[PDB]
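Enquirer: Could you have a look at this structure, given as C-alpha cells, before my questions?
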Amino acid sequence: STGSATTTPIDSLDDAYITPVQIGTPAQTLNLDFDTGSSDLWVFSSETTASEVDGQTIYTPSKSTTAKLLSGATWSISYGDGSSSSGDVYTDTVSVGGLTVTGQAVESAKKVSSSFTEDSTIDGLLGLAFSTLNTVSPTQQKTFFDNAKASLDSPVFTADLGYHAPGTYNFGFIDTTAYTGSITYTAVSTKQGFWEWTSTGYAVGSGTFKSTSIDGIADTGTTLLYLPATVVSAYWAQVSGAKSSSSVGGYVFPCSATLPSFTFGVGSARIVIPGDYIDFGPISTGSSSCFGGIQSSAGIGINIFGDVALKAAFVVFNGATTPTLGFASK
Ligand SMILES: N[C@H]1[C@H](O)[C@@H](Sc2ccccc2)[C@@H]2OC[C@H]1O2
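Quick note on numbering: the sequence shown equals residues 90 to 419 in full-length UniProt numbering.
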C-alpha cells in the first residue's frame, strides 16, 4: 500500500505545516502537524477543557463507531519549546492520503498548553519519530508509520515541504519526479529515538565549504534551523547589522538586508538553503527588525534540522531494519 497527502503552511511565514488526516467512522478530518521529532498522535477533542479550545476542529470519539477507549491508558508530553498536552487514549481507524491503519492509538487531549490553544490552525500532532519516544502509559503505543510499515510497498515515508507553498508527505514509495539529481543516503542513530544523523559541514553564501561533523535531528515539527553557536555566528556575520538579541530570543537582522544562502553537507552532497528561506519577518508587526531562521542550538542540547533546512530538500525517512535518511535537491 501507499499514501500521499498534501501538507500546507499554516501562515505566510511557514511557521508550521498541516496535513489533513481522517480519523474514525464516519471520517472526522483533522489538520495535524506531522512531526518527525516526536512519536505521539494526539488531537484536540470533545474531552479537551473548553477554555483551552479556540477554533480547532475536534475529534469526538463517541461519534466514531470504530473508536474504542484504551482502558487505563494516559499520555502526557512536553516539547522542547515549552509546550505541552495530556489526556487519555482511544484506538480508531486513521487514514492519511489513502493509507489506512486500523487500531491506531489516537491520544485525546484533556489539557493543552496556551501555545496550542492560540494556534487555531493546528488540530493536533502526528508523530513520526521512533515509537520508543511514545508517551502512552502504562503500555507504550506505536506511531502511524510504525503501524503502517509492514503493509507499505517500501518501509519509507518522504517529506517534501514547500517554501511559502504546499508540499507533500508520501508513504510507501519514492516519487522520482519530485527531486533533481540523486538522493544521498546517510546513517541514522535511533539511540535517542530521533532521526539523528551527522551532516558533513556547511558553507555561507558563496563561501568555501567547511568540513565538520554536525550531529543533529531531522525534525519536521521544528520551524527553524538550530546549529552550533560557531556556525550560526559565521552565518550572521555575513549580514550587515545582524546581531543576537537576548530580549528577542535570538539573532535578528535588518529587514532591508539581503540574506545569503546556507549550504549543509550530506555525505559528499550539498543542500543549498536560499537566503529568503531564512527570513521569518518582523519581530513584531511594523518592526524593521526581522527574526532569523538560523539560530543557535546552545541551551537546547541538540542540533535541529527543522523546516528551514528540510524544505530545501526532498527527504527520505527510510524505516528499513537499519534506518537511514536520504536528501535530494529539488
Ligand atoms: N518536535 C517539535 C514539536 O513539534 C514542537 S510542539 C509544537 C508547538 C507549537 C506548535 C506546533 C508544534 C516543539 O517545538 C519544536 C519541537 O518541539
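Backbone N, C-alpha and C define an ideal beta-carbon position, used for all residues, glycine too.
1) What distance in whole Å lies between the Cβ atoms of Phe123 and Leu241, which are believed to be in contact at a cut-off of 8 angstroms?
2) Could you tell me the distance, in whole angstroms, from the CA atom of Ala139 to the CA atom of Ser173?
3) With ligand 1 as the reference, list in chain order each residue whose Cβ lies under 7 angstroms from any of its heavy atoms.
4) Return the first residue and the last residue of the alpha helix (DSSP H) that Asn407 is part of.
5) Taking the alpha carbon of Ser336 as the point to measure from, which residue in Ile372, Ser278, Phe262 and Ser134 has its own alpha carbon closest?
6) Between which residues of its own chain and residue 33 is the CB-CB distance below 7 angstroms, once the five residues before and five after are set aside?
7) Throw me the rounded Cβ distance for the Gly92 and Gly186 pair, which I believe falls under 8 angstroms.
8) For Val245 and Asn407, what's the separation of their Cα atoms in angstroms?
9) Answer with buried or exposed for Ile107, where buried requires no fewer than 16 other C-beta atoms within 10 angstroms of its C-beta.
10) Quick one: what does DSSP say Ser140 is sitting in, helix, strand or coil?
11) Is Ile389 buried or exposed, if buried means 16 or more other CB atoms sit within 10 Å of its CB?
12) Return the chain-ordered ranges of every beta strand (DSSP E) run that is complete within the stretch 233-268 and spans a minimum of 3 residues.
13) Under the rule that 16 or more other beta-carbon atoms within 10 Å means buried, what is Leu158, buried or exposed?
14) In angstroms, rounded to a whole number, what distance separates the CA positions of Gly305 and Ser345?
15) Are there 16 or more other CB atoms within 10 angstroms of the CB of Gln230, so buried, or fewer, so exposed?
Expert: This is what the structure holds:
1) Counting from one through the sequence shown, the residue named residue 241 turns up at place 152. Counting from one through the sequence shown, the residue named residue 123 turns up at place 34. In fact, because the Cβ distance is near 16 angstroms, the residues do not count as touching under 8 angstroms.
2) The residue labelled residue 139 in the question sits at position 50 within the sequence shown. The residue labelled residue 173 in the question sits at position 84 within the sequence shown. Roughly 16 angstroms between the two C-alpha positions.
3) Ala105, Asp122, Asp124, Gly126, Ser127, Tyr168, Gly169, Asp170, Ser172, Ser204, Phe205, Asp208, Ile211, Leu214, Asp308, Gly310 and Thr311
4) Working through the sequence shown from its first residue, we reach residue 407 at position 318. No alpha helix (DSSP H) holds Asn407; the beta strand (DSSP E) holding it covers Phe403 to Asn407.
5) Against the sequence shown, residue 336 aligns to sequence position 247. Here the closest residue by C-alpha is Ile372.
6) Nothing in the structure corresponds to residue 33, since the chain is present only between 90 and 419.
7) Here residue 92 corresponds to residue number 3 of the sequence shown, with the count starting at 1. Here residue 186 corresponds to residue number 97 of the sequence shown, with the count starting at 1. The Cβ separation is near 4 angstroms, so the contact holds.
8) Residue numbering aside, residue 245 sits at position 156 when the sequence shown is read from its first letter. Residue numbering aside, residue 407 sits at position 318 when the sequence shown is read from its first letter. Computed Cα separation, rounded: 5 angstroms.
9) Here the question's residue 107 lines up with position 18 in the sequence shown. When all chains shown are included, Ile107 counts as buried.
10) Working through the sequence shown from its first residue, we reach residue 140 at position 51. Reduced to three states, the DSSP call for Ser140 is helix.
11) Here residue 389 corresponds to residue number 300 of the sequence shown, with the count starting at 1. So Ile389 ends up on the exposed side.
12) 245-249 and 256-260
13) In the sequence shown, the residue the question calls residue 158 occupies position 69. The residue is exposed, with fewer than 16 neighbouring Cβ atoms inside 10 Å.
14) Locating residue 305 in the sequence shown gives position 216, counting from the first residue. Locating residue 345 in the sequence shown gives position 256, counting from the first residue. Their backbone Cα atoms lie some 31 angstroms apart in a straight line.
15) Residue mapping note: residue 230 aligns to position 141 of the sequence shown, counting from 1. Buried, since its Cβ has 16 or more Cβ neighbours within 10 Å.
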